[PDB]
Amino acid sequence: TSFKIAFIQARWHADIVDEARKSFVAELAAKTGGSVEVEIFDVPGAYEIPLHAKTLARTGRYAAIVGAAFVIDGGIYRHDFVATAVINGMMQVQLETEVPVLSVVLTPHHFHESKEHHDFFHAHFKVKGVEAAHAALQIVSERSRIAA
Amino acid sequence: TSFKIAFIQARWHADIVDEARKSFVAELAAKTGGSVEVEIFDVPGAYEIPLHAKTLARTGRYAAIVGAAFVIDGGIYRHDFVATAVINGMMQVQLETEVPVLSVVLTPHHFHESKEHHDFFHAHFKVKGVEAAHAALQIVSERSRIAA
Amino acid sequence: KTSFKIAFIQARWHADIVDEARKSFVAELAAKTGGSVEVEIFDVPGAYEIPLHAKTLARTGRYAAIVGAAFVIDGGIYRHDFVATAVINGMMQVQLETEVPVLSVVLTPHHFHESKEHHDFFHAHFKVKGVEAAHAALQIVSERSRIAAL
Amino acid sequence: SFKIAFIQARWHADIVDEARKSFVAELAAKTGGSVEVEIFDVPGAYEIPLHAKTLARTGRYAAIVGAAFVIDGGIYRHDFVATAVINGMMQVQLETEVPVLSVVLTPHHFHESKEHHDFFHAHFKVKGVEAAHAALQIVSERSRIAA
Amino acid sequence: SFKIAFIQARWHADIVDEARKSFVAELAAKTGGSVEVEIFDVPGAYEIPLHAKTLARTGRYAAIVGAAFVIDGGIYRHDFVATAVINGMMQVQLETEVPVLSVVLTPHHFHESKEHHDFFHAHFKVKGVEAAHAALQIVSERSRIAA
Amino acid sequence: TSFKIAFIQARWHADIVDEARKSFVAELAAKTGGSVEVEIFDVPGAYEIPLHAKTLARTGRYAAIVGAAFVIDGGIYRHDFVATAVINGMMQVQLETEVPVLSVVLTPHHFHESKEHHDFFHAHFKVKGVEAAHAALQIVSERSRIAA
Amino acid sequence: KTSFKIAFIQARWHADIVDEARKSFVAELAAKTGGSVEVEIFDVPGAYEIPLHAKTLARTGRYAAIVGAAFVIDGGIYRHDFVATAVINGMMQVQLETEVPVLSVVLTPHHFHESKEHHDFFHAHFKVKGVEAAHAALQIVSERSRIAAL
Amino acid sequence: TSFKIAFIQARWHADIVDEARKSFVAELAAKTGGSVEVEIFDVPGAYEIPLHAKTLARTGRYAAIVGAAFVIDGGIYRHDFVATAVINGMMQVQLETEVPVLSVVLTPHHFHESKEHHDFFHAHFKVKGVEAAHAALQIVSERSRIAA
Amino acid sequence: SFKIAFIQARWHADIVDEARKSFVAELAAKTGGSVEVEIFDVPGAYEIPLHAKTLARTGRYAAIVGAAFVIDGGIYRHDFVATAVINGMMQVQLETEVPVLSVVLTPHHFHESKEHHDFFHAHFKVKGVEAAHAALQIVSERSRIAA
Amino acid sequence: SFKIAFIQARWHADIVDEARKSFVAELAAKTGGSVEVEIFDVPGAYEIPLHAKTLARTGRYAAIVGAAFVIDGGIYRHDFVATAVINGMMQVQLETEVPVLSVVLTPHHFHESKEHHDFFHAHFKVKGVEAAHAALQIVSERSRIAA
Ligand SMILES: O=c1[nH]c(NC[C@H](O)[C@H](O)[C@H](O)CO)c([N+](=O)[O-])c(=O)[nH]1
Ligand SMILES: O=c1[nH]c(NC[C@H](O)[C@H](O)[C@H](O)CO)c([N+](=O)[O-])c(=O)[nH]1
Ligand SMILES: O=c1[nH]c(NC[C@H](O)[C@H](O)[C@H](O)CO)c([N+](=O)[O-])c(=O)[nH]1
Ligand SMILES: O=c1[nH]c(NC[C@H](O)[C@H](O)[C@H](O)CO)c([N+](=O)[O-])c(=O)[nH]1
Ligand SMILES: O=c1[nH]c(NC[C@H](O)[C@H](O)[C@H](O)CO)c([N+](=O)[O-])c(=O)[nH]1
Ligand SMILES: O=c1[nH]c(NC[C@H](O)[C@H](O)[C@H](O)CO)c([N+](=O)[O-])c(=O)[nH]1
Ligand SMILES: O=c1[nH]c(NC[C@H](O)[C@H](O)[C@H](O)CO)c([N+](=O)[O-])c(=O)[nH]1
Ligand SMILES: O=c1[nH]c(NC[C@H](O)[C@H](O)[C@H](O)CO)c([N+](=O)[O-])c(=O)[nH]1
Ligand SMILES: O=c1[nH]c(NC[C@H](O)[C@H](O)[C@H](O)CO)c([N+](=O)[O-])c(=O)[nH]1
Ligand SMILES: O=c1[nH]c(NC[C@H](O)[C@H](O)[C@H](O)CO)c([N+](=O)[O-])c(=O)[nH]1
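Chains as they are written, first to last, in full-length UniProt numbering: chain A, 9 to 156; chain B, 9 to 156; chain C, 8 to 157; chain D, 10 to 156; chain E, 10 to 156; chain F, 9 to 156; chain G, 8 to 157; chain H, 9 to 156; chain I, 10 to 156; chain J, 10 to 156.
#1: If contact means a Cβ-Cβ distance below 7 Å, which residues of the region 65-84 of chain D contact chain F?
#2: Relative to the C-alpha of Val79 (chain H), which residue among H:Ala71, H:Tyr70, H:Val90, H:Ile73 is closest?
#3: So, does the region 130-143 of chain E touch the region 22-37 of chain F, judging by three or more C-beta pairs under 8 Å?
#4: Kindly indicate if chain F contains any beta-carbon less than 8 Å away from that of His132 (chain C).
#5: Would you kindly report the start and end of the unbroken alpha helix (DSSP H) that includes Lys12 (chain J)?
#6: On the criterion of 16 or more Cβ atoms from any shown chain inside 10 Å, does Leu157 (chain C) qualify as buried, or is it exposed?
#7: Say yes only if the C-beta of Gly53 (chain A) is nearer than 7 Å to one or more non-hydrogen atoms of ligand 1, and no if none qualify.
#8: Verify the CB distance criterion: does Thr63 (chain C) have a CB-CB separation below 8 Å to chain K?
#9: At 4 residues or longer, and completely inside the region 69-143 of chain D: list those alpha helix (DSSP H) runs for me, N to C.
#10: If you check the beta carbons only, do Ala72 (chain I) and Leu110 (chain I) fall under 8 Å apart?
#11: Cβ closer than 7 Å: which chain A residues qualify as neighbours of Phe129 (chain J)?
#12: What in chain A is Cβ-close to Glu35 (chain I), meaning under 8 Å?
#13: Is the region 55-75 of chain C touching the region 106-120 of chain C in the sense that three or more CB pairs, one from each, lie closer than 8 Å?
#14: Output needed in chain order: residues of the region 102-127 of chain B with a Cβ under 8 Å from some Cβ in chain I.
#15: Can you check DSSP and say which residues form a bridge with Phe49 (chain D)?
#16: For a cutoff of 8 Å on Cβ pairs, would you count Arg151 (chain H) as touching chain F?
#17: Counting only Cβ pairs nearer than 8 Å, list the residues of chain G close to residue 6 (chain F).
#18: For a test of the three-state rule: what should DSSP assign to residue 5 (chain C), helix, strand or coil?
#19: Does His142 (chain H) have its Cβ less than 8 Å from a Cβ in chain F?
#20: Is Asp23 (chain H) close to chain J, meaning its C-beta is less than 8 Å from at least one C-beta of that chain?
#21: Which value, in whole angstroms, describes the spacing of the CA atoms of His132 (chain E) and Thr92 (chain D)?
#22: Looking at chain F, is there any beta carbon in it that lies within less than 8 Å of the beta carbon of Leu157 (chain G)?
#23: How big is the Cα-Cα spacing for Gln100 (chain D) and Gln100 (chain A)?
#24: Establish whether the CB of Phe49 (chain B) and some CB of chain A are separated by less than 8 Å.
#25: Just the C-alpha distance for residue 8 (chain A) and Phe15 (chain A), rounded to the nearest angstrom, thanks.
#26: Suppose you measure from the CA of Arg19 (chain A) to the CA of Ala77 (chain A); what does that come to, to the nearest Å?
#27: Excluding the 5 residues preceding and the 5 following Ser31 (chain B) in the sequence, name in chain order all residues of the same chain whose CB lies nearer than 6 Å to its CB.
#28: Taking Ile154 (chain I) as the query, report the chain J residues whose CB atoms sit under 9 Å from its CB, ordered along the chain.
#29: Contact check, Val74 (chain G) vs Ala144 (chain G) under 8 Å by CB: the rounded distance?
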């Protein structure tokens, strides 16, 4: 259980996204005792994740890649076109690069830049991060077992 | 007609998903006296099914692959994105690998984590499993036919 | 040339309604081509199983066109659009990569609650779509044969 | 002086034609016949992508135009095809690298009523002219860029 | 120092423009002219993908930016195109592995009114800044994870 | 059980609406040997039914009133508003007048003025008419019962 | 007082499913009130015919509460919400003007395509709603009897 | 066929609304030769129509009242709350005042302040006006026949 | 120093209670016990309007508060009742002319999950305080106006 | 000369305010103070209807105006209230036959952002003007059709 993971994090809503990252890193720390290295990569926004993952993926250096971003409807434009582009983008890359790309590119039904909202997700992303943590291990692990 | 099917089950809502698997397997068993071997492959969540299926498909070890997951709207984030990515994912994969990927990656209009909803799908997935069984059989059968 | 083959891939969900499109489709060609055009029928579990089948059949080079027939309806339990999309996109993709025409008769109603009226309505309508399909098939296979490939 | 393949779906031809006629008219006007437009009949919008690809691959055309009226007729969902097509053309031009212009419009509402049929029979003439320019423009640009 | 191809749709040009002007401005106030931005005009958002692919292929650009205003004019559905363009770009940058930043905006509403116009006319300035930073940040990041 | 019913039919889509009337009347005729007299009242459109029903109801001349209309979305303006106003209207009216107002004021999810749609509803309204007939009978019957 | 009457007005559309709510409703009261509470049943064509009936019955003063039971479902042909609304509003209005409680068991599913699962599901569920109704009826009739009317 | 009609017209989108008025007046002119007087009343917006109709109605001076307004979604706020309030408002008034109130308070699915749009409705309202014209007569007439 | 009738639906009591407790707490705090709040249990939100009317008509209360959590449970449509209630209360206060405050909230989403139950158990405390103020305020205003 | 009761909800007060200030301003610049506007504060939009009924009853007002900003905060559904308030007002002015102008706005979107806030903060000024004119026009019209 010793391999590298490239955590790609969009910078939109950094405080929320960061919570997922921190939580991801911490959980793995607690499960693998650092035997799993998590390299963090910043990226402008979600849209920038697919390509970045593609690149970081083909380097062969990572057992899995994580895409973390908060794509929300800010009330002026439509966030879904990107969300789709990105959730699909990652799926495409991993299908190509055959390197697992876990998604922590969440899009909430509602997020109006309010305390309640902002606090809810600031907190939830932690949960999500832990989920991503386990998923990452589980997948990498099973692929290994699968591998011939 | 003695072959192997890869049953890739996501682990979210496992209790529900398992019902589709158990059913799927039991049907094939009954309908094929055991001729069909169904190898189970766990996976974090639906988003992990495509690649897994590609990886598993390309081994050529299986006559057909089944993607099983319950992708639901949990009232917090949007689920349709991943749902799409996966349903498309499996389609893409099977088109590349030329290996039948059956979809038991279901998305209900409503699943609110209540006795009713859970009881409903825990029960329904059994039906879907049986459906996937007959589908797998039928498709694997038809392909080999048009092959000759 | 007027003589060629068409692989008619039909999903078996709502087989009753899908069948009508087939029966109709075949009848139209027979009535137009006069048997000149052969329509081979392939059964498939559900619409999702159409893309790959169409691809495999397309690659055989035995057909001037493939036809995907299916009724992808919302059953009030799961969302049907996800598959419908994959299928409508799948056929589009298969035909795009295999350069073999794939006509869609994979219909998705706004409403279909399996009630006498609904069943009856579409059972009848699919006949119409089938005819349209036949004409489209002839039209497209033809138009392509007259293309200045330069 | 170049060739343009204009693929026109036949569903709602009365309306599709309208966009194609204005296209031909405009190019004829703006390029005085210099730019040739080859019209290609096609059953429905779904048949456009592949046709587009095939023609683009002949290398004969500077650009291709997909013209279709994909509307919601009240019985089935049109969006699935519309998507497969708007995406299909987009996919073909990205593949063949032959600009594919879209005149595959999908109205919010079109109920086969006089008001509607009349509105779009009219509006497609406008769209067709827009296609014309967009065509000329893009083709032009690709050269300015190729040099 | 590097170059950025800025492909801009011409629909709602005056609004799209603000995005560009701002982008070019911000970069100057950040690269002091180091980063050169070349503007390319294209008919509509649908015309961006292929252009960005073409320009990407050249290798002359560290990143490509697509700017367009794809709104619901109230007659046809714009989401089909919006989707195609957004995917298109993402697809192109994935093939060419050349960053393609999106400034292909689609507002929930835009009814050609003083209020609406004046709002995005100004907001595209903001977005253009964001597009500037993103480009710098992404182009920077890529080269880094490369060395 | 020999009484009068006021059948208020809007004239939009008359060809469709008439089918409900003709059917309504024929059913009562058959089921009541003519005992039930159904007086027909034309009206511009659905929006005109409520008042008309009030006016007609208050005469006390009728045991029950029927509002018949096809209120559809013609793709230009919104129909739901009037649809609502009328369906509520009839309800309001009957609650005031204490006179049963049956609703055959139908609104289809889709009616695009095509052979199919028209043929469909021209035929269906006949069924609805029959339904309204049995409803009228039943309701008038039940009321008089609880009256005794 | 524990002894009083309830007029249970039930629409006859989907009578099979509506009936379950009634059977259940009555059984619950009998199991709680022990016959102390009488439930008179009145049949009505459809939900739309509930408001006025409830009003007429309310005005009789014979009931401590009225209960409207109906399944107002989207049948994939016409919009059901218009009526559903009129009915849910109607009962609310009747009870408001007649000062007589009117409990709603006029349920409208997100989805009901008259398929085995759907029918079965609601056929069973209405039993639950019926129980809830009985409890609500008792609860409300009671709470009102303990109100300081000053 | 000699009576008075109070045409109440909101002033939002006056040019479009006006088309309905002009057309209304003209049609009646052509059918009743002025034997039907149409009194025009201006009103700020649609919301102001109900009360105005109520007042003008109770004066007993009019056989019918027409509400004309164009309530549209201007893209910033929601027009429906008003639309509903108004379409219901008129229905309520006429049910009260028992004076027919015809509705020419149209709400289009789309109207983005564009030439195509603006021209379409500038033209359609004429049609609608003619419809209102006939409806008005028909209703007033039938109510008369109905009257005892 | 006046009386307030607080009608609380019992569906999702755990959450409804939360809004009622904070209401009582606030008034007790702000009015030091001066303002009395009488709690009235009610089966569901639908039972509130009538109760509201009845109580308002006793003339005993300065204001009435309807508290309920009307949510979409995934099986039936909640909006019909929600409407009948938000309108019903509004109708009653317009009738009885006794201000009726609404704490009959309808969440966009509430799936009986921990995250949700926890969020609203929390948020209802906030709403309850808002009710408290709104109550005090409106009652106060009506007097300032009655004089 | 006459008086206009201006009931204003306090939610999003700063925005609602602009509406009022503008209204009062416009009237001054049109009645030179002839028309006196009395402001009444109320907790939320739901609290307007009854107040407008009460104030209407007084007879002291030629017209009543309800101003509120009822937006979708992203947690609960606001349309229930919006509807109740809008209907409420319309209902009240119908009973009391006292004009009740609505400045109870509900934006498609408003996510508590600089852009959103600043936009309605300014637009409510515009709306307030409209509300001014409408009041003058309606109060004028009524008295006319009365004489
Ligand atoms: O990560 C996000 N990026 C966003 N930007 C989109 C994209 O990721 C890039 O930043 C930029 O579009 C140019 O590529 C978002 N919105 O625009 O709303 C958002 O919500 N979340
Ligand atoms: O299998 C599922 N996975 C889900 N998670 C998405 C994905 O499968 C992975 O767990 C994770 O996103 C990292 O890839 C789901 N939802 O989020 O709702 C769901 O319903 N079902
Ligand atoms: O052909 C259809 N298949 C359906 N099943 C999906 C798919 O075609 C396969 O049967 C199965 O999913 C395994 O791939 C449908 N629905 O689920 O609703 C439908 O309407 N039509
Ligand atoms: O060009 C169109 N083709 C349509 N037909 C679909 C498709 O183009 C093909 O004719 C056929 O589906 C299979 O090839 C349409 N509808 O069905 O509604 C439409 O609106 N427009
Ligand atoms: O850039 C845009 N192009 C648009 N045209 C689509 C496309 O970009 C091309 O101009 C043309 O379709 C031919 O390809 C738009 N709409 O149609 O609404 C729009 O809003 N924005
Ligand atoms: O009876 C109808 N009347 C309609 N007109 C509305 C109303 O009935 C009157 O004709 C007119 O509005 C003046 O009151 C309709 N639409 O507008 O769509 C409809 O579908 N059905
Ligand atoms: O009780 C019901 N009545 C229905 N009919 C409406 C009404 O109740 C009367 O039967 C009839 O309309 C005459 O008033 C329904 N639908 O139409 O769907 C329904 O689901 N449930
Ligand atoms: O007649 C209209 N009035 C409108 N104003 C509403 C109302 O009629 C009054 O003018 C004002 O609200 C105060 O009463 C509209 N919009 O706001 O969008 C509209 O589209 N049409
Ligand atoms: O207070 C509530 N009551 C509910 N019950 C409805 C109503 O309040 C009565 O209990 C019953 O309908 C008849 O009196 C609810 N749902 O059904 O979902 C809900 O969310 N909230
Ligand atoms: O004026 C408003 N009041 C609101 N509160 C509703 C109501 O006005 C009262 O304040 C309270 O409900 C007690 O009656 C709002 N929301 O809840 O969203 C809003 O947006 N605007």
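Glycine included, each C-beta is placed from N, C-alpha and C at the ideal position.
Taking the definition as stated:
#1: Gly82, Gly83, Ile84
#2: H:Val90
#3: no
#4: Cβ-Cβ to chain F under 8 Å: yes for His132 (chain C).
#5: Taken as a continuous stretch (DSSP letters only), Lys12 (chain J) belongs to no alpha helix (DSSP H), being part of the beta strand (DSSP E) at 12-18.
#6: exposed
#7: Of the heavy atoms belonging to ligand 1, at least one sits nearer than 7 Å to the Cβ of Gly53 (chain A).
#8: No chain K is present in this structure, whose protein chains are A, B, C, D, E, F, G, H, I and J.
#9: 88-105
#10: yes
#11: The premise fails here: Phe129 (chain J) is roughly 12 Å from chain A at the closest Cβ pair, so nothing lies under 7 Å.
#12: Here the premise fails: no neighbours, minimum Cβ distance about 19 Å.
#13: yes
#14: Taking 8 Å as the Cβ-Cβ cut-off against chain I, the residues of the region 102-127 of chain B that qualify are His118, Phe119, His120, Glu121, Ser122, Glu124, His125.
#15: D:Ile16
#16: yes
#17: Absent from the model: residue 6 (chain F). The displayed extent of chain F is 9 to 156, so no value can be given.
#18: Not covered by the structure: residue 5 (chain C). The range shown for chain C is 8 to 157.
#19: yes
#20: Output row for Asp23 (chain H): interface = no.
#21: 29 Å
#22: no
#23: Just so you know, the alpha carbons of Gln100 (chain D) and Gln100 (chain A) end up roughly 15 Å apart.
#24: yes
#25: As shown, chain A starts at 9 and ends at 156. That puts residue 8 (chain A) outside it, with no answer to give.
#26: 7 Å
#27: Shown here for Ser31 (chain B): same chain residues with a beta carbon closer than 6 Å to its own, the five before and five after excluded, namely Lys134, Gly137, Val138 in chain order.
#28: For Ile154 (chain I), the C-beta contacts it makes with chain J under 9 Å involve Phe49, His60, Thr63, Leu64, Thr67, in order along the chain.
#29: 7 Å
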